[PDB]
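In: quick one: initial chain(s) of a complex, as found there:
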Amino acid sequence: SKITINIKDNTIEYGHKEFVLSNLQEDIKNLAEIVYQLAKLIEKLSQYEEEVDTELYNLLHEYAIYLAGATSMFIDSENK
Amino acid sequence: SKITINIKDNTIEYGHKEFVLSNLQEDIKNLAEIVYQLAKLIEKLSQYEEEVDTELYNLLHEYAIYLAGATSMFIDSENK
C-alpha cells in the first residue's frame, strides 16, 4: 500500500485539502503540539468511550501528514 | 513534489528503513510522544545553538512519517 503526500511550493495537498505553511519552524512546533494533544486526548477518553471518536483519529492522521510534509519541506530548504 | 510512504502488512518502509508496528494504538501514543519530545527539544536548544542539529529535524521527520503511517493503518483497520 502507498500513502502519497503532494507538496507544491509552501502548500501540502492531501485528502482533498490544501494546508499552507507560512513560518516553517514555528508551524512544525505547532503541528507537533497538535498531534500530541490529539493522542493524549484519545488516551484520556479511552477510559470512558468504548470506541473513541473516529473524528479524533482522522484529525490525528491529518495533522501527522502535515507534520511529515512540513518537516520534509524544512529539510529540503536547509539542503538548498 | 511527492513524499511516498510504503506500507506492507505491519511494516512502514521509508528512507531505506523498516519500522514495524506491534500494537497500533500503543505505537500511535508512543510515536506522538516522540515527535512532541523532538519538537520541544529543538525549541529549547534553539536558544543556544545557532543551527539546531539537522540530526534532530531528520529524526523528527522520520518519526512524523511513522506516525502518519501508523495512524493511516489504524483508520484502515477500523474501516475493515
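Out: Yep, that arrived. Residues are numbered from 1 along each chain as shown, chains lettered A, B, ... in the order given.

In: Please count neighbours and contacts with C-alpha atoms only from this point.
Out: Noted.

In: ok, the longest strand along chain A near chain B or not?
Out: Among the segments of chain A that qualify as a strand by DSSP state E, the longest is strand A:2-8. Yes: judged by Cα under 8 Å from any Cα of the partner chain, strand A:2-8 and chain B are in contact via A:2-8.

In: Mind exporting the C-alpha coordinates of stretch A:34-43 to PDB?
Out: Only the C-alpha atoms of stretch A:34-43 are listed here, as PDB (Å, rounded to 0.1, in the frame of the first residue of the first chain):
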ATOM      1  CA  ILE A  34      -1.400  19.400  18.000                       C
ATOM      2  CA  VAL A  35      -0.600  15.700  17.200                       C
ATOM      3  CA  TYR A  36       0.500  15.300  20.900                       C
ATOM      4  CA  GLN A  37      -2.700  16.900  22.200                       C
ATOM      5  CA  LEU A  38      -4.800  14.700  19.900                       C
ATOM      6  CA  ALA A  39      -3.100  11.500  21.000                       C
ATOM      7  CA  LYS A  40      -3.300  12.400  24.700                       C
ATOM      8  CA  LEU A  41      -7.000  13.300  24.500                       C
ATOM      9  CA  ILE A  42      -7.700  10.000  22.700                       C
ATOM     10  CA  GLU A  43      -5.800   8.200  25.600                       C
END
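
In: Enumerate the residues of chain A near chain B.
Out: Going by Cα under 8 Å from any Cα, the residues of chain A near chain B are A:1-8, A:28-29, A:32-33, A:35-36, A:39-40, A:43, A:54, A:57-58, A:60-62, A:64-65, A:67-69, A:71-72, A:75.

In: hmm, which of these are the buried ones?
Out: A:5, A:7, A:28-29, A:32-33, A:35-36, A:39, A:57-58, A:60-62, A:64-65, A:67-69, A:71-72 (16 or more other Cα atoms under 10 Å in any protein chain shown).

In: Show me the strands in chain A, by range?
Out: A:2-8, A:11-14, A:17-20.

In: Could you verify my assumption that residue A:4 touches residue B:7?
Out: No: the pair residue A:4 / residue B:7 is not scored as a contact, 11.3 Å apart, by Cα atoms under 8 Å.

In: Next up, the contacts around the residue positioned nearest the centre of chain A.
Out: For chain A, the residue nearest the mean C-alpha position is residue A:63 (1.9 Å; Cα atoms, centre = their mean). Taking Cα atoms under 8 Å, 6 or more residues apart in numbering or on different chains, we find residue A:63 in contact with A:31, A:34-35.

In: Chain C follows; place it on the structure:
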Amino acid sequence: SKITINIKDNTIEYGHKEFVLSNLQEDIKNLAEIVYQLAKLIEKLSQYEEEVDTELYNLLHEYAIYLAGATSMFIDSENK
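Out: Next up, chain C placed on what we already have:
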C-alpha cells in the same frame, strides 16, 4: 435559555446519551482534565482552521455536562 441535566442514580442522561459514573472522586478529576484538553485542542486547531470540527465543540459540552452532574452527585453524597 435553560439547560436540563437528568440524573438517575449514578447515570447522567443528556443529548441522546447516558453516562455512568463509578468513582466520583476519580471521575471528576478525569472529566475536568478531558474538558481542559478539549478546550486547549480547539484553541490550537483554531490557529490553522477557519472552522474547527463541530464534533469537538459537542464533545467539550457533553463532558462538561457529565462533570456538572458528577459534582452534584458528589455533594449530595457528602451531605448524606
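
In: re earlier: by contact count, what packs against the longest strand of chain A?
Out: If you count contacts as 3 or more Cα pairs under 8 Å, 6 or more residues apart in numbering or on different chains; DSSP states H and E, strand A:2-8 packs onto strand A:11-14, helix A:54-79, strand B:2-8.

In: Around chain C, which positions in chain A sit nearby?
Out: Residues of chain A lying close to chain C by Cα under 8 Å from any Cα are A:30, A:34, A:37-38, A:41, A:44-45, A:55.

In: again, only using 10 Å
Out: Residues of chain A lying near chain C by Cα under 10 Å from any Cα of the partner chain: A:19-21, A:27, A:30-31, A:33-38, A:40-45, A:47-49, A:53, A:55-56, A:59, A:63.

In: If any of those residues are buried, put those into a PyMOL selection.
Out: Restricted to buried positions by 16+ other Cα under 10 Å, the PyMOL selection for the residues of chain A next to chain C reads:
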select buried, chain A and resi 19+20+21+27+30+31+33+34+35+36+37+38+40+41+42+43+44+45+53+56+59+63
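
In: Please list the members of the residues of chain A next to chain C that lie in helices.
Out: Among the residues of chain A next to chain C, the members found in helices (DSSP state H) are A:27, A:30-31, A:33-38, A:40-45, A:55-56, A:59, A:63.

In: where's the residue lying closest to residue A:68 once chain neighbours are set aside relative to residue A:20, distance?
Out: Take residue A:68 and drop its neighbours on the chain: the residue closest to it by Cα to Cα, 6 or more residues apart in numbering or on different chains is residue B:64, 4.9 Å away. Residue B:64 sits at a distance of 18 Å from residue A:20 (criterion: Cα to Cα, to the nearest Å).

In: again, but for residue A:34
Out: Counting by Cα to Cα, the separation of residue A:34 from residue A:20 is 16 Å.

In: Show the contacting residues for residue A:24.
Out: A:10, A:30, A:70-71, A:73-74, A:77 (Cα atoms under 10 Å, 6 or more residues apart in numbering or on different chains).

In: which residues sit in contact with residue A:56?
Out: A:38-39, A:41-42, A:62, C:53, C:55-56.

In: What strands line up against the longest strand of chain A, and which way round?
Out: strand A:11-14 (antiparallel), strand B:2-8 (antiparallel) (DSSP bridges).

In: and it with helix B:54-79, angle?
Out: Computed with axes from the mean of the first three to the mean of the last three Cα atoms, to 10 degrees, the direction of strand A:2-8 lies at 130 degrees from that of helix B:54-79.

In: next up, chain D:
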Amino acid sequence: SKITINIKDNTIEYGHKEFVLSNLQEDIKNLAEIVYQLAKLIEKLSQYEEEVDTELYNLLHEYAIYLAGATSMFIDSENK
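Out: Once chain D is put in with the chains from before, the structure reads:
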C-alpha cells in the same frame, strides 16, 4: 433528579448566584482548571480530615455548573 442551569445572554444563574462570562475560550480553560484543582484539594485534604469542609464541595459544584453553561454558550456561538 434534575439540575437546571439558567442562561441569560452571557450570564449563568444558579444557586443564589450570577456568573458572567467574558472570554469563552479562556474562561472554559480556567474553569476546568479550577474544578480539577478543587477536586484534587478535596482528595488531599481527605487524607487528614474525616469531613472536608462543605464549602469546598459547594465551590466544586458551582464552578462545574459555570463550566457546563460556558461550553453551551461556546457551541451555540460556533454554530451561529
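
In: back to the contacts of residue A:63, now that we've got chain D?
Out: Here residue A:63 is in contact with A:19, A:31-36, A:38, A:57, A:69, B:64, B:67-68, C:45 (criterion: Cα under 10 Å, 6+ apart).

In: Outside of the longest strand of chain A itself, list whatever touches it.
Out: A:12-15, A:18-20, A:65-66, A:68-70, A:72-73, B:1-8, B:12-13, B:68-69, B:72.

In: try it again with 6 Å
Out: Contacts to strand A:2-8, defined as Cα atoms under 6 Å, 6 or more residues apart in numbering or on different chains, come from residues A:12-14, B:1-6.

In: Closest one to chain D out of those residues, please.
Out: residue A:14 (26.1 Å; Cα to the nearest Cα).

In: Can you tell me, leaving aside adjacent residues, what's nearest to the closest one?
Out: Of all residues not flanking residue A:14 in the chain, residue A:5 sits nearest, at 5.9 Å (Cα to Cα, 6+ apart).

In: Beta-bridge partners for the one you found, please?
Out: Following DSSP bridges, residue A:5 is listed with bridge partners residue B:3.

In: Chain C versus that one, what's the distance?
Out: Relative to chain C, residue A:5 is positioned 19 Å away (Cα to the nearest Cα, to the nearest Å).

In: quick one: the longest strand of chain A to chain centroid distance?
Out: Relative to the centre of its chain, strand A:2-8 is centred 13 Å away, using Cα atoms, centre = their mean, to the nearest Å.

In: Stretch A:24-40 too?
Out: Centroid separation between stretch A:24-40 and its chain, computed with Cα atoms, centre = their mean, is 8 Å.

In: Stretch A:2-9 now?
Out: Distance of stretch A:2-9 from its chain centroid, counting by Cα atoms, centre = their mean, is 13 Å.

In: hmm, back to that, contacting chain D as well, which ones from the contacts of residue A:63?
Out: Counting by Cα under 6 Å from any Cα of the partner chain, the subset of the contacts of residue A:63 that neighbours chain D is empty.

In: closest to chain D among those?
Out: residue C:45 (12.5 Å).

In: Which residue, other than its chain neighbours, is closest to the closest one?
Out: Closest to residue C:45 by Cα to Cα, 6+ apart is residue C:52, at 6.6 Å.

In: and the one you found, how many neighbours does it have?
Out: 17 (other Cα atoms under 10 Å in any protein chain shown).

In: Find the nearest non-adjacent residue to residue A:32, please.
Out: Nearest one to residue A:32, counting by Cα to Cα, 6+ apart, is residue B:36 at 5.2 Å.

In: doesn't residue A:34 make contact with that neighbour?
Out: No: taking contacts as Cα atoms under 6 Å, residue B:36 lies outside contact range of residue A:34: 9.0 Å.
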